[PDB]
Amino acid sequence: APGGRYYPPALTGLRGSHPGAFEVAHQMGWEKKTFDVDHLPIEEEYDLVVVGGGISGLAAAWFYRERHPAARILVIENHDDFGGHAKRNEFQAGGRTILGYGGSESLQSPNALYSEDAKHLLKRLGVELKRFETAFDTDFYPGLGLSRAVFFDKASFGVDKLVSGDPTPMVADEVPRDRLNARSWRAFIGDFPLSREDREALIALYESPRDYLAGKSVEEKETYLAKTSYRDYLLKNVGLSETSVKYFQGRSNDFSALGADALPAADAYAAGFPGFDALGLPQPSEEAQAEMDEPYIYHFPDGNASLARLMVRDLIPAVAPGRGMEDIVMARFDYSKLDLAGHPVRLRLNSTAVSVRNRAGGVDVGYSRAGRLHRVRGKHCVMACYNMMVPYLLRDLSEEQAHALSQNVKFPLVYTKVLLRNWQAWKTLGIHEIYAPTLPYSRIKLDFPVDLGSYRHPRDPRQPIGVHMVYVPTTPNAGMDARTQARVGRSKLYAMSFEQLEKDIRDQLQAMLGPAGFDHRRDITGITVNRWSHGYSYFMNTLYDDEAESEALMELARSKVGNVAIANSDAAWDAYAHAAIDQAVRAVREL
């Protein structure tokens, strides 16, 4: 968008891993081109060079500077904005800003899951978690009488049908259970477009649970459920029909990046799926219960992009005024201040690192920016990029360590923001969120209502609002393992133009909201598609992976290489912001 201030959050259209962000990376990864910089002069010298400008890389710079207050630090990032998966999206509607989150969504169970170091970072940045108990408008949608709904599609169920009053409790649920505005299981499932037989079988799944593994010991049941997909468990042990289990296919797409065919039944049990109540399995532990019980309210209006923005402002005060969690939300960021010469911390966007080599007690780093190669030097280096990227960069890796890094196959996801002129159609249909079992977008919702800083969430159904929807390009029921579904999902996204992505959005919104007078051409006033082709870190999947071999690969992959330490959430095989922070802390301590 030339002619305006350099300001990525205001961009709409094809975002996430946008055109321009990945082309050099694919020249290495797909064509095996090597970009050597050993014959170029060193242009700049730092104490620390960080490859990758997501939460992990920014946390690496932050904890390094805490240990080394005078440190000169360069962060090299290939997207056009900092933050990695944590991106701020903006819309202009009716003279005001509407904020959305491009990716990394909320702080997950922070009281239970965030380490003392991560809590220390939040404290120093001015984030008081208790503020979200009032910032998050928990009773807003429930108090309007709205509920969650399931949209059955004609292609999979014979008819389009929206069924509201869903009582399903979700893993990370922002709605109190007594505020779901839901119906009984019998009344809810009674409206499903399924045969009477299938409807009775689903209702009995809730009303009359049975020990589908009768005879087995608890240990044998746990082993079986770790090795059996949720879908197969429902088919073979519960006995639901192939059409019945379709209702469950996409429910796990968002939180696991795969469908029920690739979800271990044991993981479905931990996530609160039905069918386990009479198996006699142990109740979840203290940690599992304290984590599951925390309200899912720790949501800045732009998601975890606020964490990245807080860190950038703390590292480079010239970029934006202010301090603390309230004024960050509408703070104005000046991107021309990110990379100023002589300044101790510099964040260099649109730059793909291509080479990392230990030399003479320091680290030489090559990168490509605007098609030209550059060479810089640090005493230390943190690889905070995608771990499968590291073997193409770090020239000092053993064959074994390079292979281990390559086994972290990340999952693709698409987080789409849609600006609507109004949300009367949602009010008329009595809904604030829709689950679609088989369609591309499995989750479609009015955005979380959060008031923070000077930002107020949209309130008036006659006025504009942001919608969030999740599309995961799974290939269900094909016999693929998880790594293959992930790679194939990326191939599917690579083949799709923005025009094809927009058609899927407009088609599905029109089919679901149209009966209430929605007109996609008239009522959609903005679309931002955050394409996270390399989204969640891989995670150990008991359907396909051996735990002992997987933990060994993970630990080998993140082994320090001279003065080069390895971070990113990938290094934990754990797709969370607190893992991104903790892996950076480990890497900084190693140096």
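Sequential numbering from 1, following the sequence displayed.
**Student:** On mean C-alpha B-factor from the PDB entry, just flag whether 445 to 453 or 212 to 220 is the higher one.
**Tutor:** Mean CA B-factor is higher for 212 to 220.
**Student:** Regarding 318 to 326 and 244 to 252, which shows the higher C-alpha temperature factor on average in the entry?
**Tutor:** The stretch with the larger average C-alpha B-factor is 318 to 326.
**Student:** In the PDB entry, which of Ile527, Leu40, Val50, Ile566 has its C-alpha at the highest B-factor?
**Tutor:** Answer for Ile527, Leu40, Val50, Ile566: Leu40, with the highest C-alpha B-factor.
**Student:** Which one, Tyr141, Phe91, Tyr386, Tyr296, has the peak C-alpha temperature factor per the PDB entry?
**Tutor:** Checking the PDB record, the top C-alpha B-factor among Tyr141, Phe91, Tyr386, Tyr296 is at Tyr296.
**Student:** Using only modelled residues of the chain, where does the Cα B factor of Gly126 rank: lowest third, middle third or highest third?
**Tutor:** Within its chain, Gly126 is a middle-third residue by C-alpha B-factor, going by the deposited values.
**Student:** Splitting the chain's C-alpha B-factors into thirds, which one does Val588 fall into?
**Tutor:** For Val588, whose C-alpha B-factor we compare with every modelled residue in the chain, the answer is the middle third.
**Student:** For the chain shown, is the CA B-factor of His534 in the lowest, middle or highest third of its modelled residues?
**Tutor:** Lowest third - that is where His534 ends up once the chain's C-alpha B-factors are sorted.
**Student:** Could you say whether, by C-alpha temperature factor, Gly342 belongs to the lowest, middle or highest third of its chain?
**Tutor:** Within its chain, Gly342 is a highest-third residue by C-alpha B-factor, going by the deposited values.
**Student:** Pull the Cα B-factor of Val470 out of the PDB entry and bin it into the chain's lowest, middle or highest third.
**Tutor:** Answer is lowest: the recorded C-alpha B-factor places it there.
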